[PDB]
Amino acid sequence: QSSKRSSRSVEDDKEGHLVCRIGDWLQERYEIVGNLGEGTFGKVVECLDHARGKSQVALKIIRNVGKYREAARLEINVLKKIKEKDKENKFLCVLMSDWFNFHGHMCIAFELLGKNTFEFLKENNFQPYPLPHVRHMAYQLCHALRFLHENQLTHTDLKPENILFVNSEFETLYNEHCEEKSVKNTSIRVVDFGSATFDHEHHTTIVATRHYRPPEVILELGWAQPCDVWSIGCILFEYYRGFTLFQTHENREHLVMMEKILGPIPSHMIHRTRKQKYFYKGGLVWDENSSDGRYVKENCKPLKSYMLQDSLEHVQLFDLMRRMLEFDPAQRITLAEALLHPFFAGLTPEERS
């Protein structure tokens, strides 16, 4: 198709999605060449940026629906702040190259990245990342969100699907008659600032994906940057073991697993929560001898039990993870503090770049 003709021939479906396929253009500039993702928000497509010598971008095209348009405007405000504050592009938040309003569709152009860390784990038959990879990805997440936290921002939806490799090319360790895979370059970027909240802005009550959600959110006690620290702790567990720390889809059971894995919920948090129906006389309501009781009993053990090795680097990892999974968000380690944790003495100079 021709740039001008294609960019002006435009229509939406009954749901407010842009009708488009591979080959279509936007802004006499972006040529759609692949599909990367879709949701209720809209769609993400790979494009060639013909105004920047056909360099590759991920273009997010938001639905022509007021709720999603407004949310996208707020997302752009966050991305603009990140860009304003990271002139060397060294804080590892996804680079927004362009944004525009295409017939009511907010569109955001990003640098093109590789597979997300969940997809890579799944392609490795959920065999975990080796500890040095866990350590480098942890360092990068602490560095990226410390920067976001210094700028009165909280991501609120950190999960492995929102952490992408710059380049996900892998090496084969073994291929016996699942092919065992390690990523070559563990450089990552954080994506999807579509839930990211400034300190002064309205806070959505229930944030984060289930498995990465902290106790102060479940208990509706208010949340801020420590929410993201809890998420990171859960992510690092999952990188290290290949399975989620909290495999549950119900609040009371989730809070029970937290107490079995991490120790007792602080008294003051139970006193203050409106979620009183989960408690009786200050203790979580929980039948140990039911089927769910036996699953939790068998599967949810003290955090340290999940160590695969007893050496110093594993002990250091678990100390940092424990500090990231403090119940009380006011006692939870900050990412500025996390960057100084002795776990990160095991990095190399390349890994500090």
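A residue's number is simply how far along the shown sequence it sits, counting from 1.
Enter the number of deposited residues without atomic coordinates between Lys281 and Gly282, binned as none, 1 to 3, 4 to 9, or 10 or more. Per the record, no deposited residues are absent between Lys281 and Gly282.
Averaging the C-alpha B factors as listed in the entry, name the stretch that ends up higher: 55-63 or 31-39. Result of the comparison: 31-39.
Between 321-329 and 285-293, which has the larger average Cα B-factor in the PDB entry? Result of the comparison: 285-293.
Per the coordinate record, which of the options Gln247, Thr209, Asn89, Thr273 holds the highest CA temperature factor? Within the set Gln247, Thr209, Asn89, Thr273, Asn89 shows the top C-alpha B-factor.
Given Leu262, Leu153, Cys234, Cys178, the residue at which the Cα B factor reaches its maximum: By C-alpha B-factor in the record, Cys178 ranks first.
Sorting by Cα B-factor within the chain, modelled residues only, which third would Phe100 end up in: lowest, middle or highest? According to the entry, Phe100 has a C-alpha B-factor in the chain's middle third.
Taking only the Cα B-factors deposited for this chain, tell me whether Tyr240 sits in the lowest, middle or highest third. CA B-factor rank for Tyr240: lowest third.
Ordered by C-alpha B-factor within the chain, which third holds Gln225? Give me lowest, middle or highest, please. It falls in the bottom third of the chain.
Per the entry's values, where does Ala109 land by CA temperature factor relative to the rest of its chain, in the lowest, middle or highest third? Lowest third.
By the record's CA B-factor, is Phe147 among the lowest, middle or highest third of residues in the chain? For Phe147, whose C-alpha B-factor we compare with every modelled residue in the chain, the answer is the middle third.
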